[PDB]
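Notes to accompany the following structure.
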Amino acid sequence: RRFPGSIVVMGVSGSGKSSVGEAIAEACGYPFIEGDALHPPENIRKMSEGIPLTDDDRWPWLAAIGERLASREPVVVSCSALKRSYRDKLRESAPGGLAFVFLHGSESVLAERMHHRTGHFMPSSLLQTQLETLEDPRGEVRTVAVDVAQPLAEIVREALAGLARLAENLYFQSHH
Amino acid sequence: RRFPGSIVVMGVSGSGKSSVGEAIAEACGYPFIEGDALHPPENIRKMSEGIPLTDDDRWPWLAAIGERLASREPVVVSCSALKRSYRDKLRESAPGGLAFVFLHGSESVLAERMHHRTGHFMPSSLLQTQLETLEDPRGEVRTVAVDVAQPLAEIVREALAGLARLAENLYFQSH
């Protein structure tokens, strides 16, 4: 099928949210929005310096993410959405209608993939902090988890299959 | 004495361009533009990952910086402007009317300043690559250099004193 609602592709920095998010969006005929582009100036400066963001820094960004997810027509947005707080809020912007695709891997695989993809290693401090901040979403509602230690085309096919199952469940409750 | 034109506060990441840029803007009654806010989505993702930007990545951003500098009314914009290529292009947006405030310091002073300010150390690799990319602007036209190993209020006063000198020189070539 095809999930009848907005999709957030989450996961730590460097996990591939934008690549996966764009492929998902194209496959579903939905527009893709890169979450990074909605950070206020202050946040970008910190990221530019390689300094971690605080909860306070994120909230106005998450608010802007939430507003995009609230549109009528479905949208696919890349957003790390590391904490449970962040995801629960985002869900309120589209109650019972928001799906999350969780891209995940160990520090080693994540680091290797970035180097294998850009020729550069992400600073170890950045990646570890992301991982310590990450609160595993598995178990939470309408969440599809996909490991990244596989071809990109496989990661996308699997994310879409997971979304198709979520769609199946909706078409079921909607028709008792 | 205000410099009659736009001002770019340059220098590597963490040098304090935004703090100084905002102070200068207030002092001159000019609006301040945070250069970082004009990076296209692709650039922000790389910075978020702690990955350096390439020359190709920067030009779209530099074009947007140039467009803001081109307005008729003077603006103060924070922009690292590390290479001479970048600065020369930005000058073209405001022919003979652009001033640069170069904030600089050694790697250790820069690193400690950031820790002292945010409780965090900038990743060493990021700071080293910035400094490696930095092409010293001293000697280029209408450029005021200021070392950061001193109080912020002193950095600002000195930047403005330097801009006042540039203004004085224009007021001379003009009359």
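By convention here, the chains of the structure tokens are called A, B, ... in the order presented, each chain's residues are numbered starting at 1, and ligands are numbered starting at 1 in the order presented.
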Would you give me, as a ChimeraX atom specification, the residues of chain A that come within 7 Å of chain B, using only C-alpha atoms?
/A:13-14,34,36-37,41,44-45,47-51,120,122-123
Can you list, as an MDAnalysis selection string, every protein, DNA or RNA residue that comes within 7 Å of stretch 90-100 of chain A when you count only C-alpha atoms, leaving out same-chain residues fewer than 4 positions away?
chainID A and resid 5:10 66:67 69:70 86 142:144
Expected file contents, prior selection, N, CA, C and O atoms, as a CSV table (one decimal), in the first residue's frame:
chain,number,residue,atom,x,y,z
A,5,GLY,N,-0.7,9.3,5.4
A,5,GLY,CA,-0.3,10.3,6.4
A,5,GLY,C,1.1,10.7,6.3
A,5,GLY,O,1.8,10.2,5.5
A,6,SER,N,1.5,11.7,7.1
A,6,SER,CA,2.8,12.2,7.1
A,6,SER,C,3.9,11.3,7.6
A,6,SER,O,3.6,10.5,8.6
A,7,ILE,N,5.1,11.3,7.1
A,7,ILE,CA,6.1,10.4,7.5
A,7,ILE,C,7.4,11.1,8.0
A,7,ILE,O,7.9,12.0,7.3
A,8,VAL,N,7.9,10.8,9.2
A,8,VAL,CA,9.1,11.4,9.7
A,8,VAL,C,10.2,10.3,9.6
A,8,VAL,O,10.1,9.2,10.2
A,9,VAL,N,11.3,10.6,8.9
A,9,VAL,CA,12.4,9.7,8.9
A,9,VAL,C,13.4,10.2,9.9
A,9,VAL,O,14.0,11.3,9.7
A,10,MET,N,13.6,9.5,11.0
A,10,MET,CA,14.4,9.9,12.1
A,10,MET,C,15.7,9.0,12.2
A,10,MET,O,16.0,8.1,11.4
A,66,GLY,N,6.7,20.4,13.5
A,66,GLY,CA,5.3,20.1,13.7
A,66,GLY,C,4.3,20.8,12.8
A,66,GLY,O,3.4,20.2,12.3
A,67,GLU,N,4.6,22.1,12.6
A,67,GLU,CA,3.7,22.8,11.7
A,67,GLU,C,3.6,22.3,10.3
A,67,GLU,O,2.6,22.3,9.6
A,69,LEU,N,4.1,19.2,9.4
A,69,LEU,CA,3.5,17.9,9.5
A,69,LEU,C,1.9,18.0,9.7
A,69,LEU,O,1.2,17.1,9.4
A,70,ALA,N,1.5,19.2,10.1
A,70,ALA,CA,0.1,19.5,10.3
A,70,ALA,C,-0.7,19.8,9.0
A,70,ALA,O,-1.9,19.9,9.0
A,86,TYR,N,10.1,14.8,22.0
A,86,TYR,CA,10.0,15.3,20.7
A,86,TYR,C,9.0,14.6,19.8
A,86,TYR,O,8.2,15.2,19.2
A,142,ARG,N,3.0,3.2,15.3
A,142,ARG,CA,3.3,3.5,13.9
A,142,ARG,C,4.8,3.8,13.7
A,142,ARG,O,5.1,4.8,13.0
A,143,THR,N,5.7,3.0,14.1
A,143,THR,CA,7.1,3.1,14.0
A,143,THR,C,7.8,1.9,13.3
A,143,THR,O,7.6,0.8,13.7
A,144,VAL,N,8.5,2.2,12.2
A,144,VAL,CA,9.2,1.2,11.4
A,144,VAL,C,10.7,1.4,11.6
A,144,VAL,O,11.2,2.5,11.3
Step one, run DSSP on the backbone; step two, keep only residues of chain B assigned to strand (DSSP E); then write them as a PyMOL selection string.
chain B and resi 6-10+32-34+76-78+98-104+143-147
Just want the 10 Å neighbourhood of residue A:62, counted on only C-alpha atoms, with same-chain residues fewer than 5 positions away dropped. Output as a list in words.
residues 35, 38, 39, 57, 67, 68, 79, 81, 86, 87, 89 and 90 of chain A
Hey, can you spit out that residue selection with N, CA, C and O atoms as a PDB file, in the first residue's frame?
ATOM      1  N   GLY A  35      14.376  18.459   7.275  1.00  0.00           N
ATOM      2  CA  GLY A  35      14.257  19.073   8.587  1.00  0.00           C
ATOM      3  C   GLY A  35      15.328  20.097   8.931  1.00  0.00           C
ATOM      4  O   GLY A  35      15.021  21.135   9.516  1.00  0.00           O
ATOM      5  N   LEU A  38      14.993  23.950   8.741  1.00  0.00           N
ATOM      6  CA  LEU A  38      14.087  24.714   9.592  1.00  0.00           C
ATOM      7  C   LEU A  38      14.658  25.154  10.943  1.00  0.00           C
ATOM      8  O   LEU A  38      13.925  25.672  11.790  1.00  0.00           O
ATOM      9  N   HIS A  39      15.958  24.940  11.147  1.00  0.00           N
ATOM     10  CA  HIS A  39      16.628  25.339  12.387  1.00  0.00           C
ATOM     11  C   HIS A  39      16.789  26.849  12.422  1.00  0.00           C
ATOM     12  O   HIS A  39      17.122  27.462  11.411  1.00  0.00           O
ATOM     13  N   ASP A  57      17.194  24.611  22.613  1.00  0.00           N
ATOM     14  CA  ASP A  57      17.527  24.934  21.224  1.00  0.00           C
ATOM     15  C   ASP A  57      16.606  24.222  20.240  1.00  0.00           C
ATOM     16  O   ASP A  57      16.184  24.807  19.239  1.00  0.00           O
ATOM     17  N   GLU A  67       4.573  22.085  12.570  1.00  0.00           N
ATOM     18  CA  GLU A  67       3.673  22.848  11.701  1.00  0.00           C
ATOM     19  C   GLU A  67       3.623  22.291  10.275  1.00  0.00           C
ATOM     20  O   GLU A  67       2.569  22.304   9.649  1.00  0.00           O
ATOM     21  N   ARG A  68       4.752  21.808   9.756  1.00  0.00           N
ATOM     22  CA  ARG A  68       4.783  21.246   8.403  1.00  0.00           C
ATOM     23  C   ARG A  68       4.020  19.917   8.364  1.00  0.00           C
ATOM     24  O   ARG A  68       3.353  19.592   7.380  1.00  0.00           O
ATOM     25  N   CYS A  79      13.954  14.311  10.245  1.00  0.00           N
ATOM     26  CA  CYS A  79      14.113  14.933  11.540  1.00  0.00           C
ATOM     27  C   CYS A  79      14.630  13.887  12.519  1.00  0.00           C
ATOM     28  O   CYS A  79      13.971  12.881  12.758  1.00  0.00           O
ATOM     29  N   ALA A  81      14.624  13.587  15.638  1.00  0.00           N
ATOM     30  CA  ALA A  81      13.610  13.233  16.643  1.00  0.00           C
ATOM     31  C   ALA A  81      14.109  12.258  17.703  1.00  0.00           C
ATOM     32  O   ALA A  81      13.439  11.267  18.025  1.00  0.00           O
ATOM     33  N   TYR A  86      10.132  14.778  22.003  1.00  0.00           N
ATOM     34  CA  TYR A  86      10.009  15.324  20.667  1.00  0.00           C
ATOM     35  C   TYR A  86       8.991  14.590  19.804  1.00  0.00           C
ATOM     36  O   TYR A  86       8.152  15.224  19.161  1.00  0.00           O
ATOM     37  N   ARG A  87       9.049  13.262  19.791  1.00  0.00           N
ATOM     38  CA  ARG A  87       8.130  12.480  18.961  1.00  0.00           C
ATOM     39  C   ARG A  87       6.672  12.588  19.427  1.00  0.00           C
ATOM     40  O   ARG A  87       5.769  12.697  18.608  1.00  0.00           O
ATOM     41  N   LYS A  89       5.257  15.077  20.862  1.00  0.00           N
ATOM     42  CA  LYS A  89       4.776  16.396  20.460  1.00  0.00           C
ATOM     43  C   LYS A  89       4.436  16.402  18.983  1.00  0.00           C
ATOM     44  O   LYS A  89       3.355  16.842  18.588  1.00  0.00           O
ATOM     45  N   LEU A  90       5.360  15.910  18.165  1.00  0.00           N
ATOM     46  CA  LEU A  90       5.144  15.855  16.727  1.00  0.00           C
ATOM     47  C   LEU A  90       3.853  15.091  16.379  1.00  0.00           C
ATOM     48  O   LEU A  90       3.139  15.451  15.434  1.00  0.00           O
TER      49      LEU A  90
END
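Distance check against residue B:144 using only C-alpha atoms: of B:76, B:60, B:9, B:95, the minimum falls on B:9.
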So the first atom is atom CA of residue B:117 and the second is atom CA of residue B:58; what is the distance between them in Å, to one decimal place?
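It comes out at 27.0 Å.
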Surrounding residues of stretch 125-137 of chain A excluding itself and chain neighbours under 5 positions, 7 Å, only C-alpha atoms, as an MDAnalysis selection string
chainID A and resid 12 82:84
For each of B:151, B:5, B:162, B:29, take the minimum atom-to-atom distance to residue B:94, counting only C-alpha atoms, then give the residue where this is smallest.
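For residue B:94, the nearest of the candidates is B:5.
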Using only C-alpha atoms, pick whichever of B:32, B:172, B:3, B:59 has the shortest atom-to-atom distance to residue B:86.
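Once distances to residue B:86 are computed over only C-alpha atoms, the minimum belongs to B:59.
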List the spatial neighbours of residue B:146 as a ChimeraX atom specification - criterion: any atom at most 7 Å away, only C-alpha atoms, same-chain residues fewer than 6 positions off excluded.
/B:102-104,155,159
Rounded to one decimal place, report the atom CA of residue B:138-atom CA of residue B:67 distance in Å.
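Separation of atom CA of residue B:138 and atom CA of residue B:67: 24.3 Å.
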